[PDB]
Amino acid sequence: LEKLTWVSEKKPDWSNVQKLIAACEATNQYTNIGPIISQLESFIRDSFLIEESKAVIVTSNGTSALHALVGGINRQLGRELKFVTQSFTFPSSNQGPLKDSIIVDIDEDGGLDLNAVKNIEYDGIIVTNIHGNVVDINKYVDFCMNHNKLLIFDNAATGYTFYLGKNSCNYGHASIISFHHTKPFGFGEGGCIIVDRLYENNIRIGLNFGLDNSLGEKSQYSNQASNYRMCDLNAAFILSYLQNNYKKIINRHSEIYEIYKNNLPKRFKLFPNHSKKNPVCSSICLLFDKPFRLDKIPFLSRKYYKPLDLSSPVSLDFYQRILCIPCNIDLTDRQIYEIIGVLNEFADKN
Amino acid sequence: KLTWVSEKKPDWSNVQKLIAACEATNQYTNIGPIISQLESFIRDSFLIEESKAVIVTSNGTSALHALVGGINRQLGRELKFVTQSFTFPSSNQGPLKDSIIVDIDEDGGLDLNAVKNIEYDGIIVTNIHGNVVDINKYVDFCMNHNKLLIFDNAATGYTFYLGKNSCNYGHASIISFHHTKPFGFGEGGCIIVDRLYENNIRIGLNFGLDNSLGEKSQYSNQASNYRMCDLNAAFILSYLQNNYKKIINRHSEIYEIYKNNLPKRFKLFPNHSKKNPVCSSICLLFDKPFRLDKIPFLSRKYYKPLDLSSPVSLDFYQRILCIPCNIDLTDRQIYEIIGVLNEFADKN
Ligand SMILES: Cc1cn([C@H]2C[C@H](O)[C@@H](COP(=O)(O)OP(=O)(O)O)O2)c(=O)[nH]c1=O
Ligand SMILES: Cc1cn([C@H]2C[C@H](O)[C@@H](COP(=O)(O)OP(=O)(O)O)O2)c(=O)[nH]c1=O
Ligand SMILES: Cc1ncc(COP(=O)(O)O)c(CN)c1O
Ligand SMILES: Cc1ncc(COP(=O)(O)O)c(CN)c1O
Ligand SMILES: [Cl-]
């Protein structure tokens, strides 16, 4: 267990990366949507099973995926949209165009508490599918349909979990994924928006300051936009990593979830998850039955997410009870069983 | 035939040797082993002063936004900046989405007359395409009125003012390493900033999360993901190692030809430097408004005013011609351009 790493060891396939970036070299186009962007967006669409009704839009990072998604929709609708995010999530959904988002608690199933938005003025909600686990997506889709609200899934850590027969990224108006090095599908930095086609053109123009190349000299910036595009260099490293490893990651991460599911240590439960098939997790998240401190676990382990608003009791209860265990393609079954042994010993003494 | 930028190709051997450091530790972002190498290269090669931090970011826009976000976090409020209309949209986006837009004066920078009766914390002055404003008039004004001063040097990485890189003036400046810039490769940015703000700006590239506080780290709503990936750092560092000297020298030599052979009724963009600027494009001003589609070679007008009601900014936009300036251009091509522009002056 001294050998545990958070992330599998990742190295460029240099001959493959050079083959991809040769198309940049040929045209001197390495950004502003060069020849690699379409290849990675196509690879994501076909490999992650994104539906035809959705755009696949790569961005510089998972954060810029969320911010470009919101910026683009704000520009299309002509106002700064007010979003609610859950406290039990990463800071990205209270930053950029979401810097004044309303923060509310989660319910005990891991997602934003729809009861907390009863008396609030807002335009949409952002629901986080934690570390590859999914919430009961239909209850958010129905709520947002009934109340004419936009629905975004923060799928930063959740690229290939299936809910009722399709990739969870295909639900709500939009979802985002992260290709940050720390993520299963990540290499360096990167993000992706999966979004209803109605907003696709404004979101793409929104990566380029709001400047529509189709208008030529008549293009006009939007104060809702920024520089949010993915560089073709980064697209090549991410595409090469996925071409060489995507299949092994989806299979092994499912195999790793399978061992914990069938061999749960005493007084630990799996994090709430609504997928029939095993999720593809960024870490294996267990909930101990009472608060505990990370320093009592003698192997590499973390707590996510530190609540954005400390006045959210369910979020804090989860933070206090969660254990996030490394989940990557370098982990051995021997290590998984030894981890389950250590948590059984921890359970005995606490 | 003309191109906006020079053909740029990775030195694969050198890029691989740099990224070998990432491969040995599996660290390719969150400040891997290349970031300090690029920031040191910039410090030494661009002649940044010891009183300044060099902070690499994902792009020139994120350099500006991370600079503002970091200072907002340190001062505990959302700072109100004024920017000039004759600039790129970055200074009216992100934390600057509600910046105040005023006109330029005829020397190419923010008109200090326009801010007399306005409430604001700071100004952003754009040094256009490698040309510099009268930097000390801004430095003195901001000292007298206790205002923050930022130079948008996105296109102005190596223009000197009173003996030192123009990036060393104001509280801070930013540079772009966008592929379209002389020093660029792919995407990238850099903040040059007073050390007082260095720590909060570096933490603000990481959502405001200070890895020094361990589990006590607390995010800022003024921050984001603004860091430069080590992969990009390697491609930018390799390109600068192999080319920065050739670029500075050839861009100066290109400017020399235009300065000494100005086409009729064209003037050099206002430049307060006593040395030739290192330009992202050669910016000429015609004596009257004209349409780009009358120029029969690759050319642009930067910048379309952010506020089209700023009359000097709109006049500059209507009269400007931005001509390619890169190390692939031959002297023969430059004299051909000046020939076509003499013909344009005759016909217009
Ligand atoms: C982004 C990029 C642009 N260019 C060229 C294309 C154009 O002639 C010129 C300007 O590109 P452009 O995309 O117009 O930049 P902007 O919209 O900010 O003006 O640079 C390249 O050669 N390579 C690249 O990677
Ligand atoms: C950024 C990065 C992190 N890591 C490892 C270091 C840590 O053990 C783990 C998490 O990184 P960390 O920097 O803590 O990210 P976060 O703030 O999202 O938790 O990933 C890599 O192995 N490679 C990388 O390029
Ligand atoms: C839930 C969530 N949302 C957004 C992000 C931001 O992704 P990136 O790090 O690629 O900006 C993260 C990554 N920490 C995340 O975990
Ligand atoms: C003056 C100015 N400011 C900021 C930027 C933004 O830099 P980047 O394209 O690297 O985001 C640019 C790029 N055109 C610029 O010209
Ligand atoms: Cl000078």
# chains A, B, ... in the order shown; residues from 1 in each chain; ligands from 1
$ interface_residues --of "chain A" --to "chain B" --cutoff "9 Å" --atoms "only C-alpha atoms" --output "PyMOL selection string"
chain A and resi 7-12+14+18+24-25+27-32+60-64+91-92+94-100+180-181+187-189+209+217+220-227+230-234+237+303+306+308
$ write_last_selection --atoms "C-alpha atoms" --output "CSV table (one decimal), in the first residue's frame"
chain,number,residue,atom,x,y,z
A,7,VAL,CA,-3.6,8.8,-10.7
A,8,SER,CA,-2.2,6.0,-12.9
A,9,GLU,CA,1.2,6.7,-14.4
A,10,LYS,CA,0.6,8.5,-17.7
A,11,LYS,CA,3.1,9.1,-20.5
A,12,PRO,CA,2.8,10.4,-24.0
A,14,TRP,CA,5.3,10.3,-28.7
A,18,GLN,CA,3.7,13.6,-33.3
A,24,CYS,CA,-0.9,21.4,-37.0
A,25,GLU,CA,2.7,21.6,-38.4
A,27,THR,CA,-1.0,24.4,-41.6
A,28,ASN,CA,0.7,26.2,-38.7
A,29,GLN,CA,-2.8,26.1,-37.0
A,30,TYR,CA,-2.3,25.0,-33.3
A,31,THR,CA,-5.2,26.9,-31.8
A,32,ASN,CA,-8.4,28.9,-32.7
A,60,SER,CA,-9.2,24.5,-21.8
A,61,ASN,CA,-10.3,22.8,-18.6
A,62,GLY,CA,-13.4,21.4,-16.7
A,63,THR,CA,-13.8,24.9,-15.1
A,64,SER,CA,-13.8,26.7,-18.5
A,91,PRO,CA,-15.4,25.6,-6.4
A,92,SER,CA,-15.8,25.9,-10.2
A,94,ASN,CA,-19.2,29.4,-7.5
A,95,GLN,CA,-16.5,31.1,-9.8
A,96,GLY,CA,-16.4,33.1,-13.1
A,97,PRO,CA,-20.0,33.8,-14.4
A,98,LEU,CA,-21.1,31.6,-11.4
A,99,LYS,CA,-19.2,33.7,-8.8
A,100,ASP,CA,-22.6,34.9,-7.3
A,180,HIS,CA,-7.5,17.2,-15.8
A,181,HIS,CA,-4.5,14.9,-15.3
A,187,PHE,CA,-4.0,14.2,-19.5
A,188,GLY,CA,-2.7,17.6,-18.5
A,189,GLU,CA,-5.6,20.0,-18.7
A,209,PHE,CA,-14.5,36.2,-26.9
A,217,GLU,CA,-15.2,42.5,-39.8
A,220,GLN,CA,-18.8,41.9,-31.9
A,221,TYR,CA,-17.4,40.6,-28.6
A,222,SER,CA,-19.7,39.7,-25.6
A,223,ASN,CA,-18.8,40.7,-22.1
A,224,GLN,CA,-20.2,37.2,-21.1
A,225,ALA,CA,-17.4,35.5,-23.0
A,226,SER,CA,-13.6,34.9,-22.6
A,227,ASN,CA,-10.8,32.8,-24.0
A,230,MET,CA,-8.9,24.1,-26.0
A,231,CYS,CA,-5.5,24.4,-27.7
A,232,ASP,CA,-4.9,21.7,-30.4
A,233,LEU,CA,-1.6,20.7,-28.6
A,234,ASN,CA,-3.6,19.7,-25.5
A,237,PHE,CA,-2.2,14.6,-25.8
A,303,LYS,CA,-12.0,13.6,1.6
A,306,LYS,CA,-15.0,20.4,1.4
A,308,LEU,CA,-18.4,25.5,-0.4
$ select_by_dssp --residues "segment 2-57 of chain B" --states "helix (DSSP H, G or I)" --output "PyMOL selection string"
chain B and resi 12-25+35-46
$ write_last_selection --atoms "N, CA and C atoms" --output "mmCIF file, in the first residue's frame"
data_model
loop_
_atom_site.group_PDB
_atom_site.id
_atom_site.type_symbol
_atom_site.label_atom_id
_atom_site.label_comp_id
_atom_site.auth_asym_id
_atom_site.auth_seq_id
_atom_site.Cartn_x
_atom_site.Cartn_y
_atom_site.Cartn_z
ATOM 1 N N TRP B 12 11.093 18.785 -31.539
ATOM 2 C CA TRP B 12 10.566 17.569 -30.856
ATOM 3 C C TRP B 12 11.584 17.040 -29.841
ATOM 4 N N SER B 13 12.864 16.959 -30.220
ATOM 5 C CA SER B 13 13.936 16.440 -29.325
ATOM 6 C C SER B 13 13.942 17.232 -28.005
ATOM 7 N N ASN B 14 13.894 18.556 -28.110
ATOM 8 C CA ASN B 14 13.964 19.492 -26.970
ATOM 9 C C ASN B 14 12.662 19.449 -26.153
ATOM 10 N N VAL B 15 11.528 19.460 -26.823
ATOM 11 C CA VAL B 15 10.205 19.335 -26.157
ATOM 12 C C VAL B 15 10.162 18.018 -25.387
ATOM 13 N N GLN B 16 10.609 16.911 -25.995
ATOM 14 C CA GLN B 16 10.619 15.594 -25.308
ATOM 15 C C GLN B 16 11.546 15.624 -24.083
ATOM 16 N N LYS B 17 12.718 16.243 -24.198
ATOM 17 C CA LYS B 17 13.689 16.357 -23.088
ATOM 18 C C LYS B 17 13.058 17.182 -21.969
ATOM 19 N N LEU B 18 12.354 18.265 -22.287
ATOM 20 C CA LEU B 18 11.695 19.062 -21.225
ATOM 21 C C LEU B 18 10.601 18.208 -20.553
ATOM 22 N N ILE B 19 9.727 17.558 -21.326
ATOM 23 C CA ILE B 19 8.533 16.870 -20.757
ATOM 24 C C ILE B 19 8.956 15.539 -20.088
ATOM 25 N N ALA B 20 10.160 15.042 -20.351
ATOM 26 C CA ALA B 20 10.725 13.882 -19.605
ATOM 27 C C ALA B 20 10.622 14.146 -18.098
ATOM 28 N N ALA B 21 10.697 15.409 -17.663
ATOM 29 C CA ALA B 21 10.659 15.769 -16.232
ATOM 30 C C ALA B 21 9.247 15.470 -15.714
ATOM 31 N N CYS B 22 8.210 15.828 -16.485
ATOM 32 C CA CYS B 22 6.804 15.467 -16.183
ATOM 33 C C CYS B 22 6.646 13.939 -16.121
ATOM 34 N N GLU B 23 7.175 13.227 -17.108
ATOM 35 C CA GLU B 23 7.023 11.758 -17.235
ATOM 36 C C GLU B 23 7.621 11.031 -16.011
ATOM 37 N N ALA B 24 8.720 11.533 -15.454
ATOM 38 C CA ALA B 24 9.435 10.919 -14.310
ATOM 39 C C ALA B 24 8.578 11.020 -13.039
ATOM 40 N N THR B 25 7.721 12.037 -12.907
ATOM 41 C CA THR B 25 6.963 12.273 -11.656
ATOM 42 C C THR B 25 5.457 12.207 -11.869
ATOM 43 N N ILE B 35 7.075 24.755 -15.240
ATOM 44 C CA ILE B 35 6.547 26.123 -14.968
ATOM 45 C C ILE B 35 7.700 27.050 -14.525
ATOM 46 N N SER B 36 8.493 26.630 -13.539
ATOM 47 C CA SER B 36 9.613 27.451 -13.010
ATOM 48 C C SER B 36 10.651 27.673 -14.121
ATOM 49 N N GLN B 37 10.866 26.706 -14.999
ATOM 50 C CA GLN B 37 11.864 26.821 -16.100
ATOM 51 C C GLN B 37 11.382 27.881 -17.082
ATOM 52 N N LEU B 38 10.085 27.914 -17.391
ATOM 53 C CA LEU B 38 9.598 28.944 -18.335
ATOM 54 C C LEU B 38 9.595 30.303 -17.654
ATOM 55 N N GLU B 39 9.186 30.382 -16.408
ATOM 56 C CA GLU B 39 9.074 31.678 -15.711
ATOM 57 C C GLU B 39 10.490 32.278 -15.531
ATOM 58 N N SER B 40 11.489 31.434 -15.272
ATOM 59 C CA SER B 40 12.918 31.860 -15.172
ATOM 60 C C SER B 40 13.418 32.314 -16.556
ATOM 61 N N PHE B 41 13.071 31.577 -17.605
ATOM 62 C CA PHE B 41 13.486 31.935 -18.991
ATOM 63 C C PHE B 41 12.931 33.315 -19.336
ATOM 64 N N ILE B 42 11.662 33.551 -19.018
ATOM 65 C CA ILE B 42 11.019 34.853 -19.293
ATOM 66 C C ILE B 42 11.749 35.940 -18.503
ATOM 67 N N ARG B 43 11.964 35.720 -17.211
ATOM 68 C CA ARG B 43 12.639 36.707 -16.358
ATOM 69 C C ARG B 43 13.978 37.107 -17.005
ATOM 70 N N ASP B 44 14.787 36.125 -17.375
ATOM 71 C CA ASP B 44 16.201 36.354 -17.805
ATOM 72 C C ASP B 44 16.240 36.933 -19.213
ATOM 73 N N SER B 45 15.390 36.439 -20.116
ATOM 74 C CA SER B 45 15.446 36.807 -21.560
ATOM 75 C C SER B 45 14.673 38.111 -21.820
ATOM 76 N N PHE B 46 13.576 38.365 -21.104
ATOM 77 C CA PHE B 46 12.775 39.601 -21.290
ATOM 78 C C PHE B 46 13.271 40.723 -20.367
#
$ residues_around --residues "segment 167-177 of chain A" --least-positions-apart "4" --cutoff "9 Å" --atoms "only C-alpha atoms" --output "PDB file with C-alpha atoms, in the first residue's frame"
ATOM      1  CA  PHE A  48     -18.538   8.141 -24.683  1.00  0.00           C
ATOM      2  CA  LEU A  49     -21.888   7.574 -26.607  1.00  0.00           C
ATOM      3  CA  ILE A  50     -23.064  11.188 -26.707  1.00  0.00           C
ATOM      4  CA  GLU A  51     -26.484  11.561 -28.423  1.00  0.00           C
ATOM      5  CA  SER A  53     -29.121  16.011 -30.015  1.00  0.00           C
ATOM      6  CA  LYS A  54     -25.979  17.227 -28.123  1.00  0.00           C
ATOM      7  CA  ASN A  61     -10.315  22.834 -18.562  1.00  0.00           C
ATOM      8  CA  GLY A  62     -13.377  21.437 -16.744  1.00  0.00           C
ATOM      9  CA  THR A  63     -13.818  24.861 -15.084  1.00  0.00           C
ATOM     10  CA  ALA A  65     -16.266  24.009 -19.745  1.00  0.00           C
ATOM     11  CA  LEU A  66     -18.723  25.101 -17.013  1.00  0.00           C
ATOM     12  CA  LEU A  69     -21.458  26.824 -20.985  1.00  0.00           C
ATOM     13  CA  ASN A 129     -22.568  13.618 -10.022  1.00  0.00           C
ATOM     14  CA  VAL A 134     -24.888   9.640 -10.403  1.00  0.00           C
ATOM     15  CA  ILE A 137     -31.192  12.182 -12.618  1.00  0.00           C
ATOM     16  CA  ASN A 138     -34.936  11.840 -13.591  1.00  0.00           C
ATOM     17  CA  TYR A 140     -33.971  16.791 -11.520  1.00  0.00           C
ATOM     18  CA  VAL A 141     -35.039  16.516 -15.195  1.00  0.00           C
ATOM     19  CA  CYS A 144     -36.620  21.510 -14.101  1.00  0.00           C
ATOM     20  CA  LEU A 150     -32.177  25.131 -16.906  1.00  0.00           C
ATOM     21  CA  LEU A 151     -30.425  21.943 -15.676  1.00  0.00           C
ATOM     22  CA  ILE A 152     -26.648  21.466 -15.808  1.00  0.00           C
ATOM     23  CA  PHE A 153     -24.837  18.346 -14.560  1.00  0.00           C
ATOM     24  CA  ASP A 154     -21.337  18.870 -13.233  1.00  0.00           C
ATOM     25  CA  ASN A 155     -19.859  15.566 -14.585  1.00  0.00           C
ATOM     26  CA  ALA A 156     -16.216  16.722 -14.184  1.00  0.00           C
ATOM     27  CA  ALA A 157     -15.402  13.302 -12.589  1.00  0.00           C
ATOM     28  CA  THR A 158     -18.216  11.388 -14.369  1.00  0.00           C
ATOM     29  CA  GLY A 159     -17.493  10.798 -18.070  1.00  0.00           C
ATOM     30  CA  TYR A 160     -18.842   7.234 -18.526  1.00  0.00           C
ATOM     31  CA  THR A 161     -21.571   6.371 -15.987  1.00  0.00           C
ATOM     32  CA  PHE A 162     -24.860   5.146 -17.505  1.00  0.00           C
ATOM     33  CA  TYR A 163     -28.289   6.104 -16.179  1.00  0.00           C
ATOM     34  CA  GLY A 190      -8.851  19.940 -20.631  1.00  0.00           C
ATOM     35  CA  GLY A 191     -12.649  20.073 -20.511  1.00  0.00           C
ATOM     36  CA  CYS A 192     -15.708  19.239 -22.580  1.00  0.00           C
ATOM     37  CA  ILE A 193     -19.266  20.583 -22.755  1.00  0.00           C
ATOM     38  CA  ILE A 194     -22.089  18.239 -23.774  1.00  0.00           C
ATOM     39  CA  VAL A 195     -24.959  20.607 -24.657  1.00  0.00           C
ATOM     40  CA  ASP A 196     -28.335  20.847 -26.439  1.00  0.00           C
ATOM     41  CA  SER A 275     -26.601   3.601 -12.148  1.00  0.00           C
TER      42      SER A 275
END
$ atom_distance --atom1 "atom CA of residue 105 of chain B" --atom2 "atom 5 (C, counted along the ligand's line) of ligand 4"
20.5 Å
$ closest_residue --among "B:266, B:197, B:120, B:4" --to "residue 78 of chain B" --atoms "only C-alpha atoms"
B:120
$ atom_distance --atom1 "atom CA of residue 182 of chain A" --atom2 "atom 25 (O, counted along the ligand's line) of ligand 1"
27.5 Å
$ residues_near_ligand --ligand "ligand 5" --cutoff "8 Å" --atoms "only C-alpha atoms and all ligand atoms" --output "tab-separated table (two decimals) with C-alpha atoms, in the first residue's frame"
chain	number	residue	atom	x	y	z
B	160	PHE	CA	11.80	49.24	-23.76
B	161	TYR	CA	10.94	52.50	-21.98
B	162	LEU	CA	13.69	54.54	-20.27
B	163	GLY	CA	16.10	51.59	-20.37
B	272	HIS	CA	6.95	56.75	-27.00
B	273	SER	CA	9.96	54.39	-26.91
B	274	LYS	CA	13.29	55.86	-28.16
B	275	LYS	CA	14.16	52.32	-29.46
$ select_by_dssp --residues "segment 149-305 of chain A" --states "strand (DSSP E)" --output "PyMOL selection string"
chain A and resi 150-154+162-163+166-167+174-178+191-196+268-270+283-288
$ closest_residue --among "B:291, B:164, B:347, B:251" --to "residue 278 of chain B" --atoms "only C-alpha atoms"
B:251
$ closest_residue --among "A:282, A:76, A:39, A:214" --to "ligand 3" --atoms "only C-alpha atoms and all ligand atoms"
A:282
$ closest_residue --among "A:328, A:312, A:245, A:208" --to "ligand 4" --atoms "only C-alpha atoms and all ligand atoms"
A:208
